[PDB]
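Have a look at the structure below before the remarks.
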Amino acid sequence: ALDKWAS
Amino acid sequence: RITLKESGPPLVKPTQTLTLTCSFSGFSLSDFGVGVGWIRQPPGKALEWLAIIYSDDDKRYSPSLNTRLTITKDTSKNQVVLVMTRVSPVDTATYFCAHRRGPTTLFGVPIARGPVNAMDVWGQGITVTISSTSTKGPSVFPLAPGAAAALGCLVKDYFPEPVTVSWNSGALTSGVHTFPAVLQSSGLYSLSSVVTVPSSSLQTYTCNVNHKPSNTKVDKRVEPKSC
Amino acid sequence: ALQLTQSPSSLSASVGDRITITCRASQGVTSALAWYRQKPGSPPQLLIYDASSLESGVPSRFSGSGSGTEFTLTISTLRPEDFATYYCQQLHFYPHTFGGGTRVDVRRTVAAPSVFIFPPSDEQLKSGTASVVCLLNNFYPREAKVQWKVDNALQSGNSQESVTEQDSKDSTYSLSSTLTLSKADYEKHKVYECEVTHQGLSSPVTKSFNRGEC
């Protein structure tokens with residue numbers, strides 16, 4: 001879902 | 001200076017397994033948060049993301065190709081390998097590997113993640129063709145007819161690329177259009193080469209075709225039919 | 001998954017123009033978006049990372065703005081090396097999607113294609129196959145639509161086409177389309193037609209022949 005560096 | 005370069009087989013047959021290697025220099029896959037990804041581009045099409053691997057060894061794959069892809073790294077050899085199984089003709093494409101920066105650090109403390117948002121350095125790309133064809137020379141057929149007239153040659157059923165075509169041993173250049181070949185469902189290529197001239201010149205026209213791979217040279221003179 | 005739509009898909013311009021390409025995402029991608037320029041025969045080259053940061057060594061005429069679902073790349077003064085295809089890439093969600101690309105080519109005046117239809121050679125027919133080729137010569141803009149019709153039946157799935165790169169002197173494109181049929185099927189029909197739609201043509205032009213007519 002979310003990229004490794006997301007959030 | 002970061003550089004990457006792809007290597008592997010230029011030709012592969014359907015159902016076979018394709019192993020592509022990305023060898024790089026200028027960074028280590030042990031550097032903090034660095035990534036190396038793979039992207040492909042079928043001829044004339046858009047870029048398509050395939051997978052990526054990071055130095056902490058997290059791996060991610062395109063959901064559409066997940067079952068056929070394996071990506072792995074060899075840190076000590078500075079290489080990243082992507083293995084694609086069960087290839088089919090639609091997998092013919094130029095394959096690129098690329099570097100992805102990790103966050104900027106200050107005294108080994110991550111302070112900026114903006115640099116990870118891009119693949120910043122790319123390899124030249126490696127062209128891979130998927131076909132069950134064996135080497136084969138083209139059959140050459142004539143293409144015969146503001147008040148311009150057109151004629152040409154249809155260079156059909158050959159493998160692999162490339163083929164060269166010129167007109168009148170190289171003397172005819174204006175009005176010549178040699179189109180990029182299309183890979184037919186049969187696994188053989190086909191291309192046309194045409195030339196437009198004043199409807200009066202109909203002067204002689206001969207296409208010189210040469211497919212080095214199969215040692216096939218052909219000169220075909222084309223004229224306005226009707227005997 | 002997440003969709004990235006570029007606009008326009010194709011764009012004509014001249015050296016010195018200001019152009020802006022836009023990319024819209026189906027869900028917000030924050031600022032995780034990159035722009036690339038790809039010249040024919042070369043790999044894509046990073047221009048802008050993180051939606052608006054200028055990549056090192058990239059000329060200042062390139063600029064990127066936006067966040068969330070709408071982004072834009074603007075080249076303030078187009079240079080010859082900018083005639084190319086541009087792509088945006090999202091890196092917020094896996095998979096890291098690319099947009100469809102936008103082709104930027106040399107603007108010139110509209111020119112309709114000169115259309116020609118070629119019947120298959122008797123030489124090919126003896127081998128059992130029949131290739132009917134249609135040529136659209138020197139037209140602009142690039143978009144053109146070719147429709148094959150055999151005895152009025154709309155053809156589908158049995159033709160292939162390729163387009164030349166923009167001519168460096170003309171600024172026009174040419175397109176070749178091949179209709180392929182077995183010799184047998186070929187023989188079962190008479191009117192082979194190539195219908196062409198293009199911006200420079202008031203209405204569609206059709207070029208055709210009746211098989212075997214002598």
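Chain letters run A, B, ... following the sequence lines, proteins first, then strands; residues in each count from 1. Basis for what follows: all heavy atoms, side chains included, without hydrogens, waters or symmetry-related copies.
Under 4.0 Å is where a charged nitrogen must lie from a carboxylate oxygen, and between B:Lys217 and B:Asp219 no such pair does. Note on B:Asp58 versus B:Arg60: salt bridge recorded, some NZ/NE/NH1/NH2 to OD/OE distance being below 4.0 Å. In summary, B:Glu48 and B:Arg40 engage in a salt bridge, as defined by a charged side-chain N under 4.0 Å from a carboxylate O. A salt bridge between C:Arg61 and C:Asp82 is present, with a side-chain N of the basic residue lying under 4.0 Å from a carboxylate O of the acidic one. Between C:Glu195 and C:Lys149 a salt bridge is recorded (basic side-chain N to carboxylate O distance below 4.0 Å).
The aromatic ring centroids of B:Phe27 and B:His99 lie less than 6.0 Å from each other.
Of the listed residues C:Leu175, C:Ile48, C:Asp167, the one with more heavy-atom pairs under 4.5 angstrom with chain B than any other is C:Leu175. Taking chain C as the reference chain and counting heavy-atom pairs below 4.5 Å, the highest number among B:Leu47, B:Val182, B:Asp120 is found for B:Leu47. Between chain B and the residues C:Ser56, C:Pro44, C:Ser53, the most heavy-atom pairs under 4.5 angstrom are made by C:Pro44. Contact count against chain C (heavy-atom pairs under 4.5 Å) is highest for B:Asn117 among B:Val116, B:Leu191, B:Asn117.
Ring planes of C:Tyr192 and C:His189: perpendicular class, angle over 60° (limits at 30 and 60°).
For B:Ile39, the part lying under 4.5 angstrom from a heavy atom of chain C is the side chain only. Contact annotation for C:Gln89: only side-chain heavy atoms (C-beta onward) come within less than 4.5 Å of a heavy atom of chain B. Proximity to chain B (any heavy atom under 4.5 Å) is restricted, for C:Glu55, to the side chain, taken from C-beta onward. Residue B:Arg113: no heavy atom, backbone or side chain, is found under 4.5 Å from chain C. In this structure, the portion of B:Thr196 lying under 4.5 Å from any heavy atom of chain C is its side chain and not its backbone. With a threshold of 4.5 angstrom between heavy atoms, B:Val121 does not approach chain C through any atom at all. Interface remark: C:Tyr36 contributes side-chain atoms only to the contact with chain B (heavy atom separation under 4.5 Å). Heavy atoms closer than 4.5 Å to chain C are found in both the backbone and the side chain of B:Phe179. In this structure, no portion of C:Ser114 lies under 4.5 Å from any heavy atom of chain B. In this structure, chain C has a heavy atom under 4.5 Å from the side chain of B:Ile52, while its backbone stays farther away. At a 4.5 Å heavy-atom cutoff, B:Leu65 makes no contact with chain C through either its backbone or its side chain.
Under a cutoff of 6.0 Å and an axis angle of 45°, B:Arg101 and B:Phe32 do not form a cation-pi pair.
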Show me the side-chain donor-acceptor pairs of residues 92-102 of chain C shorter than 3.5 Å, one per line, residues at least two apart or across chains.
residue, atom, partner, partner atom, Å
C:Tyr94, OH, A:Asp3, OD1, 3.4
C:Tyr94, OH, A:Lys4, N, 3.3
C:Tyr94, OH, B:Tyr54, OH, 2.5
C:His96, NE2, A:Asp3, OD1, 2.6
C:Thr97, OG1, C:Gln90, OE1, 3.3
C:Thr97, OG1, C:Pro95, O, 3.3

Below 3.5 Å, can you tabulate the donor-acceptor pairs from side chains in residues 141-168 of chain B to any protein atom, sequence neighbours excluded?
residue, atom, partner, partner atom, Å
B:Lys156, NZ, B:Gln184, OE1, 2.6
B:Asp157, OD1, B:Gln184, NE2, 2.9
B:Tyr158, OH, B:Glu161, OE1, 2.9
B:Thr164, OG1, B:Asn210, O, 3.3
B:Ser166, OG, B:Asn208, OD1, 2.5
B:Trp167, NE1, B:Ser193, OG, 2.9
B:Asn168, OD1, B:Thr206, N, 2.8
B:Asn168, ND2, B:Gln203, OE1, 3.4
B:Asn168, ND2, B:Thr204, O, 3.0

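Listed by chain and residue number, C:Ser65 satisfy the side-chain hydrogen bond (donor to acceptor under 3.5 Å, both in side chains) test with C:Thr72 (two or more places apart in sequence, or in another chain).
No side-chain N or O of B:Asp31 forms a donor-acceptor pair with one of B:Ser55 less than 3.5 Å apart.
Rounding to the nearest 0.5 Å places CD of C:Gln38 at 5.0 Å from OH of C:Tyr87.
At a heavy-atom cut-off of under 4.5 Å, chain B is reached by C:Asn137, C:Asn138 from residues 137-145 of chain C, listed in order of number.
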